[PDB]
Amino acid sequence: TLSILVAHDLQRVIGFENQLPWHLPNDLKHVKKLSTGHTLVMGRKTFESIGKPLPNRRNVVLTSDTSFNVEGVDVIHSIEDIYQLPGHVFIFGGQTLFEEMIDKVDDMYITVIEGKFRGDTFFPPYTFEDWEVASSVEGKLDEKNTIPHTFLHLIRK
Ligand SMILES: NC(=O)c1ccc[n+]([C@@H]2O[C@H](COP(=O)([O-])OP(=O)(O)OC[C@H]3O[C@@H](n4cnc5c(N)ncnc54)[C@H](OP(=O)(O)O)[C@@H]3O)[C@@H](O)[C@H]2O)c1
Ligand SMILES: COc1ccc(-c2cc3nc(N)nc(N)c3cc2C)cc1OC
């Protein structure tokens with residue numbers, strides 16, 4: 001299975017200055033729950049933003065840099081390499097990866113951040129004409145999680 005995993009706001013903002021624009025611990029818990037024991041494929045900028053591979057899953061980085069050889073990270077140099085990866089593969093970002101993969105993935109796990117942030121990177125437009133809502137679950141708000149959010153699982157029709 002090839003899936004997208006993304007958090008985007010009401011206007012599809014995903015990033016600002018190589019970070020996520022919002023602080024939302026519950027979204028990280030969601031990422032942990034979904035991708036632990038599986039595979040993340042991410043662009044080089046996303047990797048450098050996190051600085052180290054996420055524990056307890058295979059971290060795969062897509063880059064043209066042939067000098068890229070980082071401990072605990074597997075490197076790939078082509079989109080085509082993604083299709084050779086075993087098991088459940090999550091396309092993890094950033095903008096460039098999402099743009100390249102949205103027409104290719106089986107499904108998408110989207111955290112809709114129900115606010116409007118300043119962004120410099122975006123998830124590409126998509127329409128519910130193409131995507132069945134397998135589930136939609138409102139995130140719980142508390143002291144540590146103060147921005148409304150909804151977890152969507154969309155499956156290509
Ligand atoms: N909200 C979210 O769900 C989410 C998730 C992840 C990231 N983000 C955000 O997204 C933003 C970064 O996105 P971005 O588009 O600027 O960068 P990115 O997608 O993380 O990485 C771009 C880099 O990936 C490599 N790459 C992509 N396609 C390639 C290909 N076909 N062949 C070889 N290399 C390829 C290139 O690396 P080289 O230049 O080294 O060749 C390229 O410069 C940040 O703000 C980050 O915080 C948001
Ligand atoms: C505060 O640190 C972090 C903040 C945000 C993220 C982060 C959250 C994410 N959330 C979702 N739904 N999807 C992604 N593809 C995603 C990617 C990253 C990189 C990851 C972080 O650390 C690994």
# chains A, B, ... in the order shown; residues from 1 in each chain; ligands from 1
>>> select_by_dssp(residues="region 4-143 of chain A", states="alpha helix (DSSP H)", output="count of residues only")
25
>>> residues_near_ligand(ligand="ligand 1", cutoff="8 Å", atoms="only C-alpha atoms and all ligand atoms", output="compact mmCIF listing (two decimals) with N, CA, C and O atoms, in the first residue's frame")
# COMPACT_ATOMS: atom_id res chain seq x y z
N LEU A 5 0.58 10.86 3.75
CA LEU A 5 0.35 11.26 5.13
C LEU A 5 0.67 12.74 5.19
O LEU A 5 1.79 13.14 4.86
N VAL A 6 -0.31 13.56 5.57
CA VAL A 6 -0.10 15.01 5.53
C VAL A 6 -1.02 15.71 6.54
O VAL A 6 -2.11 15.20 6.84
N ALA A 7 -0.55 16.86 7.05
CA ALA A 7 -1.39 17.80 7.78
C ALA A 7 -1.45 19.08 6.94
O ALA A 7 -0.40 19.64 6.58
N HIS A 8 -2.66 19.53 6.62
CA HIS A 8 -2.77 20.82 5.88
C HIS A 8 -3.90 21.65 6.44
O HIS A 8 -4.85 21.11 7.01
N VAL A 13 -2.16 25.04 3.23
CA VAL A 13 -0.81 25.28 3.74
C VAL A 13 -0.27 24.03 4.46
O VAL A 13 -0.99 23.41 5.27
N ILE A 14 0.98 23.67 4.15
CA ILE A 14 1.68 22.60 4.88
C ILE A 14 2.95 23.04 5.61
O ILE A 14 3.39 22.36 6.54
N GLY A 15 3.55 24.15 5.20
CA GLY A 15 4.80 24.54 5.85
C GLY A 15 5.08 26.01 5.75
O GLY A 15 4.48 26.73 4.94
N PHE A 16 5.98 26.46 6.61
CA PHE A 16 6.49 27.82 6.54
C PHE A 16 7.93 27.80 7.05
O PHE A 16 8.21 27.34 8.17
N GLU A 17 8.83 28.30 6.22
CA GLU A 17 10.26 28.38 6.59
C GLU A 17 10.81 27.02 7.09
O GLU A 17 11.53 26.94 8.10
N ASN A 18 10.47 25.97 6.36
CA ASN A 18 10.96 24.61 6.65
C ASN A 18 10.57 24.03 8.02
O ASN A 18 11.27 23.18 8.58
N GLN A 19 9.43 24.50 8.52
CA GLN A 19 8.79 23.93 9.71
C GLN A 19 7.29 23.85 9.43
O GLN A 19 6.80 24.44 8.47
N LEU A 20 6.57 23.10 10.26
CA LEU A 20 5.10 23.13 10.23
C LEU A 20 4.66 24.40 10.96
O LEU A 20 5.26 24.78 11.96
N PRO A 21 3.67 25.12 10.41
CA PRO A 21 3.22 26.40 10.98
C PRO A 21 2.55 26.34 12.35
O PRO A 21 2.35 27.39 12.99
N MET A 42 10.45 10.64 2.35
CA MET A 42 10.37 12.09 2.44
C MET A 42 11.43 12.76 1.57
O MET A 42 12.47 12.16 1.25
N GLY A 43 11.16 14.01 1.19
CA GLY A 43 12.15 14.81 0.47
C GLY A 43 13.27 15.23 1.39
O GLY A 43 13.17 15.14 2.61
N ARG A 44 14.34 15.72 0.78
CA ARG A 44 15.54 16.10 1.51
C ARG A 44 15.29 17.23 2.50
O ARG A 44 15.85 17.23 3.59
N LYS A 45 14.47 18.22 2.10
CA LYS A 45 14.22 19.37 2.98
C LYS A 45 13.44 18.94 4.21
O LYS A 45 13.75 19.36 5.32
N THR A 46 12.42 18.12 4.01
CA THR A 46 11.69 17.56 5.14
C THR A 46 12.63 16.81 6.09
O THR A 46 12.59 16.99 7.32
N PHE A 47 13.51 15.98 5.53
CA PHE A 47 14.46 15.29 6.38
C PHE A 47 15.34 16.26 7.18
O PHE A 47 15.51 16.10 8.39
N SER A 49 14.78 19.24 8.04
CA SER A 49 13.94 19.92 9.03
C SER A 49 13.77 19.10 10.31
O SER A 49 13.80 19.65 11.41
N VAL A 61 14.85 8.70 2.31
CA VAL A 61 14.98 10.08 1.86
C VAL A 61 15.26 10.13 0.37
O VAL A 61 16.17 9.45 -0.14
N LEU A 62 14.46 10.94 -0.33
CA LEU A 62 14.60 11.19 -1.76
C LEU A 62 15.40 12.47 -1.97
O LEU A 62 15.02 13.55 -1.48
N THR A 63 16.53 12.35 -2.66
CA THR A 63 17.43 13.46 -2.92
C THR A 63 18.26 13.17 -4.17
O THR A 63 18.52 12.01 -4.50
N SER A 64 18.64 14.23 -4.89
CA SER A 64 19.64 14.09 -5.97
C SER A 64 21.08 14.03 -5.45
O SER A 64 21.99 13.78 -6.23
N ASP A 65 21.29 14.34 -4.17
CA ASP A 65 22.63 14.39 -3.59
C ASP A 65 23.24 13.00 -3.45
O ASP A 65 22.86 12.23 -2.57
N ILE A 76 17.15 7.21 -1.59
CA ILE A 76 16.75 6.91 -2.96
C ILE A 76 16.95 8.17 -3.81
O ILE A 76 16.97 9.28 -3.28
N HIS A 77 17.12 7.98 -5.12
CA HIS A 77 17.47 9.09 -6.02
C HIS A 77 16.44 9.31 -7.14
O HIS A 77 16.59 10.21 -7.98
N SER A 78 15.39 8.50 -7.12
CA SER A 78 14.33 8.54 -8.13
C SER A 78 12.97 8.27 -7.50
O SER A 78 12.85 7.50 -6.54
N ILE A 79 11.94 8.90 -8.06
CA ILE A 79 10.57 8.57 -7.69
C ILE A 79 10.30 7.08 -7.93
O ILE A 79 9.67 6.41 -7.11
N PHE A 92 5.60 11.14 3.04
CA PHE A 92 5.67 11.93 4.29
C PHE A 92 5.89 13.44 4.07
O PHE A 92 5.85 14.24 5.02
N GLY A 93 6.11 13.82 2.81
CA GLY A 93 6.31 15.24 2.45
C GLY A 93 7.66 15.48 1.81
O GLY A 93 8.45 14.56 1.66
N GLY A 94 7.97 16.73 1.44
CA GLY A 94 7.11 17.87 1.65
C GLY A 94 6.33 18.19 0.39
O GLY A 94 5.87 17.27 -0.32
N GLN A 95 6.19 19.48 0.08
CA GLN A 95 5.39 19.91 -1.07
C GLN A 95 5.75 19.17 -2.34
O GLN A 95 4.86 18.68 -3.06
N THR A 96 7.05 19.09 -2.63
CA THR A 96 7.51 18.48 -3.87
C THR A 96 7.11 17.00 -3.96
O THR A 96 6.52 16.56 -4.96
N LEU A 97 7.36 16.24 -2.89
CA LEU A 97 6.90 14.84 -2.83
C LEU A 97 5.40 14.68 -3.01
O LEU A 97 4.95 13.82 -3.78
N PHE A 98 4.62 15.49 -2.30
CA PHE A 98 3.15 15.43 -2.45
C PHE A 98 2.68 15.70 -3.88
O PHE A 98 1.77 15.02 -4.38
N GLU A 100 4.39 15.26 -6.56
CA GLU A 100 4.83 14.15 -7.40
C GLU A 100 4.02 12.87 -7.21
O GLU A 100 3.94 12.04 -8.14
N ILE A 110 -5.08 12.45 5.95
CA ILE A 110 -4.95 13.89 6.05
C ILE A 110 -5.41 14.37 7.41
O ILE A 110 -6.48 13.98 7.87
N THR A 111 -4.59 15.18 8.07
CA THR A 111 -5.06 15.94 9.22
C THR A 111 -5.41 17.34 8.71
O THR A 111 -4.53 18.12 8.30
N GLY A 119 1.75 30.45 5.08
CA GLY A 119 2.55 29.34 4.55
C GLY A 119 3.41 29.76 3.37
O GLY A 119 3.14 30.76 2.71
N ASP A 120 4.46 28.97 3.12
CA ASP A 120 5.23 29.10 1.88
C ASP A 120 5.26 27.80 1.06
O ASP A 120 5.91 27.74 0.00
N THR A 121 4.59 26.77 1.58
CA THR A 121 4.48 25.47 0.90
C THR A 121 3.07 24.90 1.10
O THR A 121 2.46 25.12 2.15
N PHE A 122 2.57 24.24 0.07
CA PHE A 122 1.16 23.82 0.03
C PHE A 122 0.99 22.39 -0.43
O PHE A 122 1.81 21.86 -1.21
>>> atom_distance(atom1="CA of residue 151 (chain A)", atom2="atom 21 (C, counted along the ligand's line) of ligand 2")
17.0 Å
>>> closest_residue(among="A:52, A:58, A:33, A:12", to="residue 112 (chain A)", atoms="only C-alpha atoms")
A:12
>>> residues_around(residues="residue 147 (chain A)", least_positions_apart="5", cutoff="9 Å", atoms="only C-alpha atoms", output="list in words")
residues 22, 23, 24, 113, 114, 115 and 141 of chain A
>>> residues_around(residues="region 68-74 of chain A", least_positions_apart="5", cutoff="7 Å", atoms="only C-alpha atoms", output="ChimeraX atom specification")
/A:53,59-61
>>> closest_residue(among="A:66, A:150, A:136, A:11", to="residue 118 (chain A)", atoms="only C-alpha atoms")
A:11
>>> decode(residues="region 20-130 of chain A", atoms="C-alpha atoms", output="short mmCIF file (atom, residue, chain, number, x, y, z; two decimals), in the first residue's frame")
data_model
loop_
_atom_site.label_atom_id
_atom_site.label_comp_id
_atom_site.auth_asym_id
_atom_site.auth_seq_id
_atom_site.Cartn_x
_atom_site.Cartn_y
_atom_site.Cartn_z
CA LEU A 20 5.10 23.13 10.23
CA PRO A 21 3.22 26.40 10.98
CA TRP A 22 1.30 24.99 13.97
CA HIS A 23 1.96 23.18 17.22
CA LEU A 24 -0.30 20.16 17.52
CA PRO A 25 0.94 17.24 19.68
CA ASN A 26 -2.12 15.13 18.77
CA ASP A 27 -1.11 15.16 15.08
CA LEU A 28 2.29 13.77 16.03
CA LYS A 29 0.57 10.99 18.02
CA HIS A 30 -1.49 10.27 14.87
CA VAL A 31 1.68 10.07 12.74
CA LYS A 32 3.29 7.78 15.34
CA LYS A 33 0.23 5.47 15.44
CA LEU A 34 -0.05 5.20 11.64
CA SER A 35 3.59 4.86 10.58
CA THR A 36 5.36 3.03 13.44
CA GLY A 37 6.62 -0.27 12.08
CA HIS A 38 6.17 0.92 8.47
CA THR A 39 8.03 3.14 5.97
CA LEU A 40 8.24 6.92 5.51
CA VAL A 41 9.51 8.39 2.23
CA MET A 42 10.37 12.09 2.44
CA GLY A 43 12.15 14.81 0.47
CA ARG A 44 15.54 16.10 1.51
CA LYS A 45 14.22 19.37 2.98
CA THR A 46 11.69 17.56 5.14
CA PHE A 47 14.46 15.29 6.38
CA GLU A 48 16.80 18.18 7.19
CA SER A 49 13.94 19.92 9.03
CA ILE A 50 13.49 16.92 11.35
CA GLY A 51 17.28 16.43 11.56
CA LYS A 52 17.22 12.69 12.39
CA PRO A 53 15.15 9.66 11.28
CA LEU A 54 11.89 9.00 13.13
CA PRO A 55 12.36 6.03 15.47
CA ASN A 56 10.78 2.58 14.97
CA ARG A 57 10.14 2.77 11.22
CA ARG A 58 12.10 2.77 8.00
CA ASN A 59 13.10 6.30 6.99
CA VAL A 60 13.69 6.78 3.28
CA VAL A 61 14.98 10.08 1.86
CA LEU A 62 14.60 11.19 -1.76
CA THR A 63 17.43 13.46 -2.92
CA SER A 64 19.64 14.09 -5.97
CA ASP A 65 22.63 14.39 -3.59
CA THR A 66 24.88 11.39 -4.29
CA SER A 67 26.92 12.29 -1.19
CA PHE A 68 23.87 11.63 1.01
CA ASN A 69 24.67 8.73 3.38
CA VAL A 70 23.10 9.22 6.82
CA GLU A 71 23.03 6.69 9.70
CA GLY A 72 19.60 5.05 10.08
CA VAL A 73 18.34 6.52 6.80
CA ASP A 74 17.95 4.78 3.46
CA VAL A 75 18.46 7.00 0.43
CA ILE A 76 16.75 6.91 -2.96
CA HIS A 77 17.47 9.09 -6.02
CA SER A 78 14.33 8.54 -8.13
CA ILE A 79 10.57 8.57 -7.69
CA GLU A 80 10.57 5.16 -9.41
CA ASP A 81 12.55 3.73 -6.44
CA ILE A 82 9.49 4.25 -4.20
CA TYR A 83 7.58 1.45 -5.98
CA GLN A 84 10.31 -1.10 -5.08
CA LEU A 85 9.87 -0.50 -1.32
CA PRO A 86 8.09 -3.34 0.56
CA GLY A 87 5.11 -3.06 2.93
CA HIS A 88 3.05 -0.02 3.84
CA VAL A 89 4.79 3.07 2.47
CA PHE A 90 3.73 6.55 3.58
CA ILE A 91 4.66 9.57 1.47
CA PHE A 92 5.67 11.93 4.29
CA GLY A 93 6.31 15.24 2.45
CA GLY A 94 7.11 17.87 1.65
CA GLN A 95 5.39 19.91 -1.07
CA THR A 96 7.51 18.48 -3.87
CA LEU A 97 6.90 14.84 -2.83
CA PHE A 98 3.15 15.43 -2.45
CA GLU A 99 2.92 17.07 -5.88
CA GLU A 100 4.83 14.15 -7.40
CA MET A 101 2.80 11.43 -5.67
CA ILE A 102 -0.82 12.55 -5.27
CA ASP A 103 -1.84 10.98 -8.61
CA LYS A 104 -0.02 7.72 -7.70
CA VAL A 105 -1.06 6.88 -4.12
CA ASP A 106 -3.82 4.44 -3.07
CA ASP A 107 -5.11 6.66 -0.26
CA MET A 108 -4.40 9.67 1.90
CA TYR A 109 -4.32 10.18 5.68
CA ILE A 110 -4.95 13.89 6.05
CA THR A 111 -5.06 15.94 9.22
CA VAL A 112 -7.15 18.97 8.27
CA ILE A 113 -5.98 21.83 10.51
CA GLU A 114 -9.12 23.98 10.84
CA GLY A 115 -7.35 27.36 10.75
CA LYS A 116 -5.64 29.75 8.33
CA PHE A 117 -1.84 30.02 8.71
CA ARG A 118 0.87 31.89 6.84
CA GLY A 119 2.55 29.34 4.55
CA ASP A 120 5.23 29.10 1.88
CA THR A 121 4.48 25.47 0.90
CA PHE A 122 1.16 23.82 0.03
CA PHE A 123 -0.53 20.50 -0.49
CA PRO A 124 -1.82 20.32 -4.11
CA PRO A 125 -5.57 20.87 -4.77
CA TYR A 126 -7.75 17.75 -4.74
CA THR A 127 -11.46 17.11 -5.06
CA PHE A 128 -13.82 14.78 -3.16
CA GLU A 129 -15.12 13.78 -6.60
CA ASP A 130 -11.98 11.61 -6.80
#
